[PDB]
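Residue numbers (the deposited numbering), protein chains in the order written: chain E, 572 to 643; chain F, 321 to 629, 654 to 785; chain A, 715 to 785.
See below for the structure under consideration.
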Amino acid sequence: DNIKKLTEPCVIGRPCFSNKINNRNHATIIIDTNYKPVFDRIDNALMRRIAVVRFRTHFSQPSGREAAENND
Amino acid sequence: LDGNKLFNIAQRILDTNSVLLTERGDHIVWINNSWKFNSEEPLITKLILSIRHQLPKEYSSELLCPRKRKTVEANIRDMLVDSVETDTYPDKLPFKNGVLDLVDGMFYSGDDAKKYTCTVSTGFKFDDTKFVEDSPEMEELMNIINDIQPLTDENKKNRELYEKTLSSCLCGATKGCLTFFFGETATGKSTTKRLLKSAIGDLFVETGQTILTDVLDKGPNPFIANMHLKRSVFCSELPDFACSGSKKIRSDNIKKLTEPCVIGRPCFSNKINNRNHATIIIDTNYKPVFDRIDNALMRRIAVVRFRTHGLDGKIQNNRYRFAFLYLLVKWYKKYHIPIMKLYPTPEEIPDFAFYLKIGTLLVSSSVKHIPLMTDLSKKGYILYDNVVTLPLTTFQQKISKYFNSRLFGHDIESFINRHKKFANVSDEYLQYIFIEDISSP
Amino acid sequence: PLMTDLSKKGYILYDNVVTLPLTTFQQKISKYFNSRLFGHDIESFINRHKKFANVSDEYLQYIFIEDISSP
């Protein structure tokens with residue numbers, strides 16, 4: 572539901588002490604992780620709004636520059 | 321030529337830069353050789369009345385009537401449009417009667433201190449009479465230091481770490497590393513805390529451990545506003561982690577507070593940006609229990625070990665206070681003028697040694713296993729989806745051979761959950777290969 | 715210096731720390747601390763500072779005062 576709501580131009584949210592319900596989103600959302608995300612519901616509308624990139628490059632130190640050099 | 325006289329008076333007052341406007345929407349004034357700011361007090365009118373004397377005598381008579389003072393205040397408020405940043409000199413320490421520069425050791429007062437906009441102070445007037453390089457005071461301190469912590473070669477590194485941390489505490493910039501005091505009771509921790517408090521005046525503050533485990537975004541939090549523009553925040557008498565049901569000190573919280581600007585809304589204040597220049601010091605008598613251990617978490621952890629087990657009256661009388669400040673500034677000169685740097689102590693907390701030895705003993709996946717898979721299949725290793733995998737039973741027995749599973753069962757389970765890769769629903773493996781398994785010891 | 719007697723009663727110096735088995739420790743507290751009065755509090759004491767030396771050496775680093783005296 573969070574991903575679904577965060578993609579529409581109008582975001583529904585009620586702050587305290589205010590009756591405002593509409594917000595305009597002008598920002599790109601970027602989320603960083605080391606593990607595959609887990610979602611409650613799987614549907615076409617969900618993964619028709621998901622794009623990822625692959626960070627397949629590791630920078631290290633000479634202490635471990637040999638063990639991690641030959642890593643898939 | 322002679323237009324609005326009150327406007328001329330307002331311009332004359334303003335050109336002396338005796339009143340400033342901050343980005344926080346509040347006005348600050350310069351009275352009694354001190355920068356004071358307040359929202360509910362008539363500071364501007366007081367400044368006008370005080371400055372009346374130095375103006376030419378044809379304006380002083382007009383300045384007496386309060387209505388004219390209100391008019392001049394309105395003009396001043398109207399002609400101020402640009403804001404100026406505050407507390408931009410971390411290398412100087414303001415006192416109740418002036419500002420002391422840490423480099424040359426001499427303290428300014430009066431108009432000289434007005435150059436730097438410092439809104440806080442130690443709370444006690446600085447005196448060079450008590451600050452003397454040649455006295456009995458520092459040799460009196462010298463025996464005290466050895467009484468609390470000697471300079472032995474075994475504790476040489478701990479002592480130099482103590483000196484460097486104490487010097488760094490005087491710096492006015494944001495610090496990314498906190499200090500931990502773990503040791504036996506009645507070892508001088510209270511004495512050192514009182515000495516530091518007397519040294520830094522009002523810059524010291526004490527807060528409980530609730531924020532370490534509570535949500536900082538819920539409800540009003542005047543505490544978060546408390547350590548703003550502070551120099552030392554003390555969390556003492558930590559709860560026994562051994563006690564069942566005790567809330568674990570969340571690592572995400574301490575990751576949040578170590579950042580230069582913590583996001584938060586103070587009560588009756590729209591000040592999103594808060595400056596955290598204070599040194600976090602946490603004193604406990606029991607080894608903490610942690611759940612998640614990570615590199616970035618452990619780069620910022622610094623711990624001072626205290627294994628060593654008339655003074656109170658002199659400290660209460662601040663007899664040793666000025667010599668303590670002299671020692672602190674000498675240490676800051678020896679260490680921090682040459683370079684502004686802070687270094688961690690990444691040896692171990694009583695609960696990080698397991699993680700460190702796990703990281704050292706275990707190696708990441710490498711192609712060197714590929715030529716040996718024929719031998720590896722003899723030891724239980726299997727190739728699933730072109731991935732080297734180890735049976736759960738084999739990993740469990742390998743772990744239990746060296747390290748007890750019943751001890752670190754919570755820790756082992758947490759590590760598995762953090763690093764679980766699913767070759768099967770029941771067989772969860774790790775991206776670690778035992779070095780001794782394939783390489784002779 | 716008391717380590718030998720500590721092993722005699724049960725406080726084994728595993729991992730450079732005394733390790734008295736919880737069986738002996740609970741027998742001691744039961745013979746001294748009356749069980750019926752504060753059994754729940756005794757269990758809280760046991761489970762608060764609980765430690766295990768190994769699979770079968772669960773221990774607490776507390777030495778009762780007649781044992782701290784050298785025999």
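No residue lacks a Cβ here, since even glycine has one placed at the ideal position from N, Cα and C.
List the residues of chain F whose Cβ lies closer than 7 Å to the Cβ of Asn768(A), in chain order. Residues of chain F whose Cβ lies closer than 7 Å to the Cβ of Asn768(A) are, in chain order, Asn748.
What's the C-alpha gap between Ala519(F) and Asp611(F)? Here the alpha carbons of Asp611(F) and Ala519(F) stand approximately 37 Å from one another.
Check each candidate in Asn662(F), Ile756(F), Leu734(F) and name the one with the smallest Cα separation from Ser744(F). Nearest C-alpha to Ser744(F): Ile756(F).
Give the DSSP bridge partners of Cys581(E), in chain order. Paired residues: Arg595(E).
Proximity test, Cβ basis, 8 Å: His763(A) and chain F: At least one chain F Cβ lies under 8 Å of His763(A).
Jot down the residue ranges of each uninterrupted alpha helix (DSSP H) in the region 754 to 784 of chain F, minimum 4 residues, whole runs only, in chain order. Taking 4 residues as the minimum length, the alpha helix (DSSP H) runs contained wholly in the region 754 to 784 of chain F are 779 to 782, in order along the chain.
Taking only runs that begin and end inside the region 333 to 381 of chain F, name each unbroken alpha helix (DSSP H) of 4 or more residues, in chain order. For the alpha helix (DSSP H) assignment, the uninterrupted runs of no fewer than 4 residues enclosed by the region 333 to 381 of chain F are, from N- to C-terminal side, 363 to 371.
With 16 as the cutoff for other CB atoms within 10 Å, does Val732(F) come out buried or exposed? That one is buried.
What is the DSSP secondary structure of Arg625(F), counted as helix, strand or coil? Here DSSP, grouped into helix, strand and coil, assigns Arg625(F) to strand.
Give the DSSP-derived three-state secondary structure of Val711(F) in the structure shown. For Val711(F), the secondary structure class from DSSP, reduced to helix, strand or coil, is helix.
To the nearest angstrom, how far is the alpha carbon of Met684(F) from that of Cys489(F)? Their Cα atoms are separated by approximately 12 Å.
Interface partners of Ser564(F) on chain A, CB under 8 Å: Chain A residues near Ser564(F): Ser758, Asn761, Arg762.
Looking at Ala545(F) and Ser589(F), is the spacing between their C-beta atoms short of 8 Å? A contact, by the Cβ cut-off of 8 Å.
To the nearest angstrom, how far is the alpha carbon of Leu716(A) from that of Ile782(A)? Computed Cα separation, rounded: 8 Å.
State the Cα-Cα distance for the pair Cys587(E) and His754(A), rounded to the nearest angstrom. If you draw a straight line from the Cα of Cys587(E) to the Cα of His754(A), it is about 46 Å long.
Please name the residue or residues paired with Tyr728(A) in a DSSP beta bridge. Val731(A).
Classify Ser552(F) as buried or exposed, calling it buried when 16 or more other Cβ atoms lie within 10 Å of its own Cβ. Buried, since its Cβ has 16 or more Cβ neighbours within 10 Å.
Of the choices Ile348(F), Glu504(F), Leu384(F), whose alpha-carbon is the least far from that of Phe626(F)? Here the closest residue by C-alpha is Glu504(F).
Close beta carbons around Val769(F), own chain, < 7 Å, minus the five adjacent residues each side: Correct list: empty, nothing qualifies.
Taking 8 Å as the cut-off, decide whether the C-beta atoms of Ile777(F) and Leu727(F) are in contact. Taking a C-beta distance under 8 Å as the contact criterion, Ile777(F) and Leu727(F) do not qualify as a contact pair.
Keeping to the same chain, check which residues put their C-beta closer than 6 Å to that of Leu413(F); ignore five residues upstream and five downstream. If we look at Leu413(F) and ignore the five residues flanking it on each side, its Cβ neighbours are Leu420.
Leaving aside the five residues before and after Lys764(A) along the sequence, list all residues of the same chain whose C-beta is less than 6 Å from its C-beta, in chain order. Within its own chain, no residue has a Cβ closer than 6 Å to the Cβ of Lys764(A) once the five positions on either side in sequence are excluded.
Output needed for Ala616(E): all residues of its chain with C-beta closer than 8 Å, excluding positions within five of it in sequence on either side, in chain order. Its chain contains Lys575 as the residues whose beta carbon lies nearer than 8 Å to that of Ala616(E), once the 5 sequence neighbours on both sides are disregarded; these appear in chain order.
May I ask you to report which of helix, strand or coil DSSP gives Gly521(F)? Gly521(F) carries a helical assignment under DSSP once its states are collapsed to helix, strand and coil.
Partner residues on chain F for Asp643(E), Cβ-Cβ distance less than 9 Å: Under a criterion of Cβ atoms nearer than 9 Å, the residues of chain F adjacent to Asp643(E) are, in order, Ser709, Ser710, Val711, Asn730, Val731.
Is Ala638(E) close to chain F, meaning its C-beta is less than 8 Å from at least one C-beta of that chain? Interface flag for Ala638(E) against chain F is set, since a Cβ pair is found closer than 8 Å.
How big is the Cα-Cα spacing for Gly584(E) and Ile531(F)? Rounded to the nearest angstrom, the two C-alpha atoms are 28 Å apart.
Taking 8 Å as the CB-CB limit, is residue 639(F) close to chain A? For residue 639(F), nothing is modelled; it lies in the interval where chain F passes from 629 to 654 with no residues in between.
Report, in whole angstroms, the separation of the C-beta atoms of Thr342(F) and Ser403(F), which I expect to be a contact under 8 Å. Here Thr342(F) really is in contact with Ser403(F); their C-beta atoms are around 6 Å apart, less than 8 Å.
According to the Cβ coordinates, are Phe696(F) and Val609(F) closer than 8 Å? If you check the CB distance, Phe696(F) and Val609(F) do not come in under 8 Å.
Using the three-state DSSP reduction, which class does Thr472(F) fall into: helix, strand or coil? Three-state DSSP puts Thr472(F) in coil, outside helix and strand.
Return helix, strand or coil for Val392(F), following the three-state DSSP convention. Helix, per DSSP.
Helix, strand or coil for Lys412(F) per DSSP? Of the three classes helix, strand and coil, the one that applies to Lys412(F) here is strand, per DSSP.
Classify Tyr699(F) as helix, strand or coil using the three-state DSSP reduction. Of the three classes helix, strand and coil, the one that applies to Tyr699(F) here is helix, per DSSP.
Let me make sure I understand the geometry here. Which of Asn641(E), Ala622(E), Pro580(E) has the alpha-carbon closest to that of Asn594(E)? The shortest CA-to-CA distance from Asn594(E) to any of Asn641(E), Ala622(E), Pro580(E) is the one to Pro580(E).
Cβ contact (3+ pairs, closer than 8 Å) linking the region 664 to 672 of chain F and the region 452 to 460 of chain F: When Cβ pairs closer than 8 Å are counted between the two stretches, the region 664 to 672 of chain F is seen to touch the region 452 to 460 of chain F, the count reaching three or more.
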